[PDB]
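A lone chain, given as structure tokens: the form deposited in one PDB entry.
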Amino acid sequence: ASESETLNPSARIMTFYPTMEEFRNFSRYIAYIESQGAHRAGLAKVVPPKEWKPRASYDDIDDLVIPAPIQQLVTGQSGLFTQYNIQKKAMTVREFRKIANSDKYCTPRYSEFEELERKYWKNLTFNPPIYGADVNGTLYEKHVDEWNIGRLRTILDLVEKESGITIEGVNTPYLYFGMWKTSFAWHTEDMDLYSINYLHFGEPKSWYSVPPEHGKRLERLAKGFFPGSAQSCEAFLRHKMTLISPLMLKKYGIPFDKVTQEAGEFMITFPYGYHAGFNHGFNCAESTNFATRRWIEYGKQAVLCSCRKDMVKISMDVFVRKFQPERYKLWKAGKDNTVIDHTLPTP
């Protein structure tokens, strides 16, 4: 009954191994994994067919510039933290790996991941690392026509197509150079879109994910822990400064799953899927957001941050008009009360 329960309501993070055949059509494969219930978990992993490479070699990049490197200062205790960013000033990749590999900032010795995870939550407030994040650019070679983050050809393109508007990292690619203990705070994508992340090379990147079905519960918990922030902004978590350990989530009955991403692997986050994580050591990742028809409803109801007057806000008008014409008049009159079903796929 009700195909919904494909990912047997465990909303567990799933992993897929597509054939070069299925791997060719991006939009098609996303709809395919959703039919398998992958979206339930909010996060999913996709291993590319062995004979697939986005770039020949990553030897020719030490000269690449990281214009706005960031030092991450974390403050907090017993599972709850706030991350403050500090703009250092441009440096080259070559300069970055130096620091990343120095014993001052290199990965510690460990056996099992569970061990590396414990060390992360124990020392994240010590030795503020540097993260070469939000660097505009791609590392894909022009000919690569499979899963090219620079041109996925999803309907998110309608934004550019329609208004010429470009949003860095959103409808354009971003590169992330990290090192041990650099992390990304709990958050959903801008406008609750999907995101794709490819780990070009280096040490792993571990992820935590909360089923979108339970996203609202995570928010209530976060609100209770950071009441001051919750009042200064509707969606304070969008500030991407809040870190919450797996133990705190377990303690408060907030369902979640964890997964470690390795070089050459893709990660996909789904609409309203809250996620967070950290890098094991020196590595490089590329990402951008994308949309699907199933995303439209989420886009229409995404709660945006109010305080900051430079936050990402996309006009939904073109999507409702083109894919939901029968409801355009009603929506536009601010009286479309559609409820979202997080289990339902993109027919």
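Shifts are known only where both forms have a C-alpha. Whichever C-alpha set is largest while still superposing within 1.5 Å between the two forms counts as the rigid core. One rule holds for the numbers: they count along the sequence shown, beginning at 1.
This next part talks about the form solved in complex with a partner chain, which is not shown.
Would all three of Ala222, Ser245 and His342 be in contact with the partner chain in the deposited complex, where contact means some heavy atom lies within 4.5 Å? The answer is no; none of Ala222, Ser245 and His342 reaches the partner chain.
Using a 4.5 angstroms cut-off on non-hydrogen atoms, would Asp310 count as touching the partner chain in the deposited complex? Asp310: contacts the partner chain in the deposited complex.
With the partner left out here, check for me: in the deposited complex, does some heavy atom of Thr154 sit within 4.5 Å of the partner chain? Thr154 lies outside the contact set for the partner chain.
Residue contact check: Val46 to the partner chain in the deposited complex, 4.5 Å heavy atom: Judged by the heavy-atom cut-off of 4.5 Å, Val46 is well away from the partner chain in the deposited complex.
How about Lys240: is it within 4.5 Å of the partner chain in the deposited complex, going by heavy atoms? Although the partner chain is absent here, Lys240 would touch it in the deposited complex, with heavy atoms inside 4.5 Å.
The partner chain in the deposited complex: contacting segment from 106 to 114, 174 to 182, 250 to 258, 209 to 217, heavy atom within 4.5 Å: Careful reading of the contacts points to 174 to 182.
The single option of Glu162, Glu95, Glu168, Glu234 touching the partner chain in the deposited complex, heavy atom within 4.5 Å: The residue in contact is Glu168.
Here the chain is shown alone; which of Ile70, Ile296, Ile33, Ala302 has a heavy atom within 4.5 Å of the partner chain in the deposited complex? In short, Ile70.
Once both forms are overlaid on the core, stretches between this form and the one not shown of 3 or more residues with C-alpha shifts of 2 Å or more: Once the cores are aligned, run 6 to 8 is the only one whose C-alphas move by at least 2 Å.
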